[PDB]
Amino acid sequence: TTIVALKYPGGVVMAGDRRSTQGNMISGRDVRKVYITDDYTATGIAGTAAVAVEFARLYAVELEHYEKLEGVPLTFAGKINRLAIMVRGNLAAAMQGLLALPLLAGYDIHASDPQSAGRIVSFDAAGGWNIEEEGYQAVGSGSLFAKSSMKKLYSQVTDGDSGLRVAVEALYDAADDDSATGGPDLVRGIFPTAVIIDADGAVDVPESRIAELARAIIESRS
Amino acid sequence: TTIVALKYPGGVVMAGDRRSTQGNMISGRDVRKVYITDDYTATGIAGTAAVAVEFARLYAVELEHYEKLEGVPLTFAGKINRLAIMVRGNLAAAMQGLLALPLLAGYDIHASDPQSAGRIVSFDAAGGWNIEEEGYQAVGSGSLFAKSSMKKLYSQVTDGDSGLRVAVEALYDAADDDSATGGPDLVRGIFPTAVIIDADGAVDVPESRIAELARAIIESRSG
Amino acid sequence: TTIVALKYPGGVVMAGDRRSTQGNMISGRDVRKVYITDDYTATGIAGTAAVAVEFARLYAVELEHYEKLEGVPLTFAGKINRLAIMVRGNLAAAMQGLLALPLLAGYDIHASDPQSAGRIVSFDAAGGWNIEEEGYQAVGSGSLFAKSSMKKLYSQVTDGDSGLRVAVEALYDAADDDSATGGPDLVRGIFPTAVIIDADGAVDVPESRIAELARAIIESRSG
Amino acid sequence: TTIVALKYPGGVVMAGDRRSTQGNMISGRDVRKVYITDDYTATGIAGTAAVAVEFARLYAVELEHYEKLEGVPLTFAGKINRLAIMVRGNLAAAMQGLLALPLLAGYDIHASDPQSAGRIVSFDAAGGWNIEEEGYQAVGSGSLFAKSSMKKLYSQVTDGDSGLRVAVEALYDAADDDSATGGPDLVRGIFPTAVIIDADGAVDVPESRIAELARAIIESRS
Amino acid sequence: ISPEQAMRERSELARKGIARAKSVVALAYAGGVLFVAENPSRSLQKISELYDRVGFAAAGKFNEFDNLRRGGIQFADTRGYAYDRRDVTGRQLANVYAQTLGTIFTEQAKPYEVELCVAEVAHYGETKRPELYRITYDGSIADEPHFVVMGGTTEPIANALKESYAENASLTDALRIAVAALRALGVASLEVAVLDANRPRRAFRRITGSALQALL
Amino acid sequence: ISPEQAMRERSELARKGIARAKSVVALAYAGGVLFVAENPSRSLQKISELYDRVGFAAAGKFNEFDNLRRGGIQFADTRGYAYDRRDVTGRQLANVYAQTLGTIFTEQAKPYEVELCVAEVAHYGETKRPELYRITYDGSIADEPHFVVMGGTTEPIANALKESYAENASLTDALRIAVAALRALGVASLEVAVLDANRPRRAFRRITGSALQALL
Amino acid sequence: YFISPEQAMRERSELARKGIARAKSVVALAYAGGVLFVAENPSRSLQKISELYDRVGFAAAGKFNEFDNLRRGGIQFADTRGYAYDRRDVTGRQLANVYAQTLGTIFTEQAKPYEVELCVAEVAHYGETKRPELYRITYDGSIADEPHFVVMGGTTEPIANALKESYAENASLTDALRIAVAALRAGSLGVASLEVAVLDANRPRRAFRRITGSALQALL
Amino acid sequence: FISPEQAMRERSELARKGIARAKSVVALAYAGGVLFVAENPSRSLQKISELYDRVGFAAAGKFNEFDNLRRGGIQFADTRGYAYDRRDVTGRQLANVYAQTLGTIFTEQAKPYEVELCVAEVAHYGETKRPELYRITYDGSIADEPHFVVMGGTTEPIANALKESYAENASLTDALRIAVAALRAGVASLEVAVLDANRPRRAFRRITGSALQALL
Ligand SMILES: *C(=O)[C@]1([C@@H](O)[C@@H]2C=CCCC2)NC(=O)[C@H](CC)[C@]1(C)O
Ligand SMILES: *C(=O)[C@]1([C@@H](O)[C@@H]2C=CCCC2)NC(=O)[C@H](CC)[C@]1(C)O
Ligand SMILES: *C(=O)[C@]1([C@@H](O)[C@@H]2C=CCCC2)NC(=O)[C@H](CC)[C@]1(C)O
Ligand SMILES: *C(=O)[C@]1([C@@H](O)[C@@H]2C=CCCC2)NC(=O)[C@H](CC)[C@]1(C)O
């Protein structure tokens, strides 16, 4: 599994691969690992499928629950804390092999400077969180490959579209070196999913745009 | 054990073998592993017999319970979640060797496009679920042989009848390679059971229909 | 231990051996392992004696309890479910070695066809149950020997008496191959016990009938 | 990790490195490990990041909670006791690998002699505390190196600025010998953080001041 | 007040509430049992399925009998699961309602302003006369052989039926007889359902809209 | 304690406080459902989102109906999570408030001085008539087809609505009709919101400030 | 004796209305720099004005043991909320809402209702712009959004009107203090007899600030 | 529904009576700290006690009741000082706790406590601060007294007698005399103790026998 997130001027993009495995076997080819959790945030999760799906679903419910009860959404810091507490609550199960780690991406409507209101937050098994300030982050078995790729490509990110291209290429590099991360599948037409978030909110990136970028990366390396 | 499920234009079919074993011993030859759980869904279960049967029974009760209390049946997504929660509840027991894994097949009356309203959902021991998008799925010790067989035969599935025939042939291939999955028994006249679900609901496929398909498959491979 | 049960036209018969052991030592020669649990059912139990006996006693009380409270006996399916739940409740203890497995035989007064209203149900340690369709079943350390014997003799079963003879001979074959199962004891005059159940209810088979069958089996093989 | 604290005439200074790791991998370069917990105290934490952060956050809340309820802040001894109890409460978890150890620095407004009102307190996993009387202390994997360094440099501490210099140099020595402690990063412009506390309260030391001190130490050693 | 007064106080409180409510009738007919209630609402129901061959109908305060309806479904599903489906009966449900209302009437601050009817038809391909039970706000239970009337002013409706009640009446004849005795009224203002003894397992079946129209 | 006297006193105690409070109206219109309440406060609200297509409006003592509002959101979120979002309905929420108010009315020292309205509009791209339910202090529930009025003196506002009401009125026409029947007040004294059936998921939408200004 | 619920209601309300009238008065008013709290308070140890959270203040009139109880409960609620979510998620509206619900329950469920009247105020976050908010919660759980000032305890009428007339939006601290002390004085003094504090918008995090002794003197 | 206004009256009277009908106690600030003088003939049963380092306690009323509070206070204080620090315990905290406890007793227990308490605190060694005196009523009311406190029996006479003889910073002997006097308005019949601000840690100190006789 590989999920990446990176900041670009004015927003953030998060993208994830589509593979699920059971040992060496490829058990799924179209899993969606990145979720829009509220109007300004997306969550991508790696590790145990059952736990990750429940995290995303319960977390979205918790954010909207607060909003309906209090009349206003939680501050971005509050959203981070809720996700951290949820991860911490899974610690016992996680030590038993039910371990899932989320990656959070968001746009802070209350930030002073809009061009940099993008946020990326990572989490560890005990609920520790870290607001990433180097521009990008990744989780999953292919994360080191993705991060080393983004380290070299990040200077090319100047807007949402180039941010999306770098994210897709980082997932491409993860799949190239990690057998547990799925590459673009041209035969079946299945590609990584992505979510872009800017001042207008979080939106799913249409598959056709990703397919286009993936084909260009492949052409380029051929 | 092998339970298979596949989508065809307009519906879904689920079929299961009839064998039960205890170690190397064949202990049963007519076990039914596929249950109609409500008007539009069927559940097939592999693993521990005791947990398998209790899952199906309680699941059927739970679905109808909601329907009588609320006046309307659960949405298909709600049905999936209830089965997932029940599986998750058995996780501690599963780790102790009481593991059971269900395969859910259904027809979603509320889906926009009826030809593709068929649904196949698989579950892992932790309650994780996945709505299958590749057309078929299988669970049990013969599931890999069944799936590799359906991968080559699935293009022939153009409707509910060829879907049923393929399902039977996938079970046949599972039994051919997995000693824990039972093949058609011509001497005793016992064959895999199956359930078909379409817009008119879930129905048990008559044994005579399965027997014909099985005999035909056998004749073919004989030459 | 060996307990057998088989269906015959119009009913069912259940028989059990009389031996109890402690390791290699024969500790009992007249234990009764088959009980009439209600007017139409009998329970035979193998495994840990303390649990086996409690199961039979508590189960009979539970069946009659329902009957007195509700005015009508449980349906056969309900009787099966109650036994299964009782076995399931002993699972932890069973894992710790207090393992007991019952075999249930009955006649279903509500079945459509009377000639086949006989029922045989087996149970596993987790409470899983299976209504037997092959005509006979057996539990205990001599069960495989008994079943392989009934497999060859079952075609001779046409009524209650040929049914009883096959049951006694199956127990004789179990004792012949399993030192933990007791054979007919001609010196002390102790023989397997048996219950027959048909439309008129469950009745203990008189010892003198079993003695006569056992002696015939012995004489027959003596030459 | 390395966190150091030392007393100077009229106050106390506490400084921490910015590295976070996962095994041999450098997983963070800008972590902040020293927090102002109330107007006169700072806490620096080492160990499991999730626990360390929760300690710092929960502890600041507890101090202010008392103040609002009772109208007056806790005495310094009371502050020490509350931190100790919090650490003791984490002992079971600590035994399972979730160990966190805080270092407390403060200025006691009620001390008789102002020039020595500075306080440094260390804590062990069971909640045992010790008010240090030797002038400095450190916690974390680089603490022995830092302490041996301060042992030789401490006589140069005559005020806040030389105190801050010696603290930064002790952290430099800790990073020089302990791969788990981060040295000054001239390429990215990241330096240790520090808090100074005197009669006027606790204030964060500006990054530019620490950078000058670090560049001065580096030139000096080259 | 005195425990003697209490009971009449309560009893009155309940009788008033039920009297002040719409009416419902249940009657045995050739195909099983028919339920017809005066009900304007489209969402709030007074007739419901309880179990395979068991139906429920009530009159009175909605929040109170809906509560009892849920409790009944809970009891039935639990019983069926713990024993077998065929072990759940209309008599058991009536019995349970009797005991519950009896307890409410005696122990709860306010008695329930409701009147219930539990009905059961034979199992598929079986032969048995439908059963109808009425349970009142105080736990009293009665075995009715032909029909039951509850809610509002029953006298008029009761007699109206005591007169037109034809045994083995077809569905249409039964519907008419019922809608009539009730007036003593169309799809918009009525709720209709049957315990159809000819259904393989679930006998409860609602008759609405055009389908109901035709029958009217 | 005499059952009669108590049920009478409690009742008046609630009817009184409710009529004593500001008024609220909810009415079906072309785009879904419109909520308009007389509300001076800028912070304390009487209209709220409950779930995706379900809205809430109340009149009476604030602390009491806000309590109910929270309880409702709690119920809905828990239901949707335990089953699926699409399984939560306006009818279920109304049913729950009825059970809750009936329980309060009967078991609590003081009954709740509130009157609630639960509304639901169709799911995106679906077609279904809006649903409006009114739940009383006693726990009574009613299915209203066009509009609901609660709080203060309803008679005047009710009738005013009766003459004016138009099925399918546009938003502006509906707003006007409503603000009018209510007077029977500007953006600084009104709380306005709609369950917009055209919204993909969350239908609840507040109409305030300049935007509200325009419409009225 | 035994009474109807309606009578018991009026009785409780009176029982508490009496207790609040019988007590000293307090006023809170919005001013240029945030919110000002001024209460008639002889004691040096027992306080009627308190900080609740970063930008939220509390003031009460009535029976001390009862509103101090509520003050503590409020601080408990706020600290717990800020820790479970984020500091910036705690608001004056939330605190008022919680007090409304708590007093409502006390008024209804306890043998005696609380003889208290509370005011929760909130000012903008540092460098932010927002009109102060003032809420009044009464012994029965009723809550009201006041835009300019709040008066509680003793005979309010006189003090209320006195402010309706003197009160000026954007008054400086000194002008606001005077306006307040006079109005207050209308009821029935110096630093010894007054409790004064402000929620200061200018402060970066903790707004609550007590004004006492010489410093308070000077403002007079 | 029982009458609340009646109760407060009954209870309050019952308590006022018992306290009125009891021996008197006075506590007053003096040069060296605080002085406690109470009308007590009993050798063993005390009305004045140490609570914590610089905090003292004095009561009037039913012994078993205020002794219970004395023990509870010592408990609260010791627990607080251990959980935080000794210096963190204060007279204000203790008074506050007593106020809350009596308030709860007065409201929740069959009978209210017939007691009146005084908590006093003096400065820490070598520190300068005016002694503090608090009085807590049976109802749980609390008051900050600046010079002296009088409780038990008929206070009016003793109060005034004090209001005249009280001298800011009177020496111990002058304070004792002034007190014993205002009280009359014998060593065997008088209990005496002081919160001596000059003591390094424990301020509470009893003045009895010959020592007590000499100051007179
Ligand atoms: C990834 O973390 C991975 C995915 O199968 C899983 C599936 C769906 C969403 C959550 C992530 N989890 C695993 O256990 C695999 C093996 C290392 C996986 C492919 O990496
Ligand atoms: C199959 O999964 C299998 C079946 O015996 C069992 C029986 C009835 C319905 C549930 C599934 N389960 C087992 O444990 C066997 C082990 C080899 C089996 C044959 O695979
Ligand atoms: C049989 O299962 C056996 C019997 O001793 C026991 C006794 C009375 C009725 C229940 C069955 N159980 C054992 O543990 C023995 C050893 C293998 C036994 C003889 O088989
Ligand atoms: C330091 O103690 C260290 C830091 O990663 C950690 C992160 C943030 C603040 C608390 C301290 N903890 C560890 O486990 C690392 C490995 C030895 C670390 C770098 O020393």
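Counting convention: from 1, in listed order, for ligands and their atoms alike. These numbers come from the heavy atoms of this one structure, side chains and all, not from hydrogens, waters or symmetry mates. Every chain is numbered from 1, with letters handed out A, B, ... down the list of sequences.
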Tell me, do [X] and [Y] make a side-chain contact under 4.5 Å, heavy atoms counted?
| X | Y | answer |
| --- | --- | --- |
| D:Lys33 | D:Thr193 | no |
| D:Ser20 | A:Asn130 | no |
| D:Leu104 | D:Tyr59 | yes |

Task: Under-4.0 Å heavy-atom contact with ligand 2, by part of B:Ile45 that carries it - done: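 The answer is the backbone.
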
Open item on the list: Nearest 0.5 Å, please: how far is CD in A:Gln137 from CG in A:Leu103?
Closed with: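 One gets 6.5 Å once the value is rounded to the nearest 0.5 Å.
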
Task: Rounded distance [0.5 Å steps], CH2 in B:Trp129 versus CG in B:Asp124 - done: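 So the CH2 of B:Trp129 and the CG of B:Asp124 are separated by 11.5 Å.
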
Task: Winner among A:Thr1, A:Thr2, A:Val53 once heavy atoms are compared against atom 2 (O) of ligand 1 - done: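 The residue whose heavy atom sits nearest atom 2 (O) of ligand 1 is A:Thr1.
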
TODO: With atom 6 (C) of ligand 2 as the reference point, say which of B:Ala52, B:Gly47, B:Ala50 has the nearest heavy atom.
DONE: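 The residue whose heavy atom sits nearest atom 6 (C) of ligand 2 is B:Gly47.
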
TODO: Pull out every atom of ligand 1 sitting under 4.0 Å from any heavy atom of A:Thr21, numbered as shown with elements.
DONE: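 Near A:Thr21, meaning under 4.0 Å from one of its heavy atoms, ligand 1 has 5 (O), 15 (C), 16 (C), 19 (C).
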
Task: Atoms in ligand 4 flagged as close to D:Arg19, the criterion being non-hydrogen separation under 4.0 Å - done: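 Those atoms are 4 (C), 5 (O), 19 (C).
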
Nearest-contact summary for [atom] - protein heavy atom, Å:
| atom | result |
| --- | --- |
| atom 7 (C) of ligand 1 | A:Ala49 CB, 3.9 Å |
| atom 9 (C) of ligand 2 | B:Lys33 CG, 3.8 Å |
| atom 8 (C) of ligand 1 | A:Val31 CG1, 3.5 Å |

Task: Under 3.5 Å side-chain donor-acceptor pair for B:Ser122 and B:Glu132 - done: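 Yes, B:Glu132 and B:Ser122 have a side-chain donor paired with an acceptor closer than 3.5 Å.
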
Open item on the list: Is it true that A:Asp17 and A:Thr181 share a donor-acceptor pair across their side chains at a distance under 3.5 Å?
Closed with: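 On atom types as modelled, these side chains do not qualify, holding no pair under 3.5 Å.
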
- [ ] Indicate yes or no: does an N/O atom of B:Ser20 lie under 3.5 Å from an N/O atom of ligand 2?
- [x]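 There is no such contact.
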
Task: For B:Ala46, the ligand 2 atoms whose distance to one of its heavy atoms is below 4.0 Å - done: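 Near B:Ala46, the atoms of ligand 2 are 2 (O).
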
TODO: Decide whether the shortest distance between a heavy atom of D:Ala180 and an atom of ligand 4 is less than 4.0 Å.
DONE: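 A heavy atom of D:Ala180 does come that close to ligand 4.
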
Task: Heavy-atom neighbours of B:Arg57 CZ exceed 12 at 6.0 Å - done: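 Above 12, so yes.
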
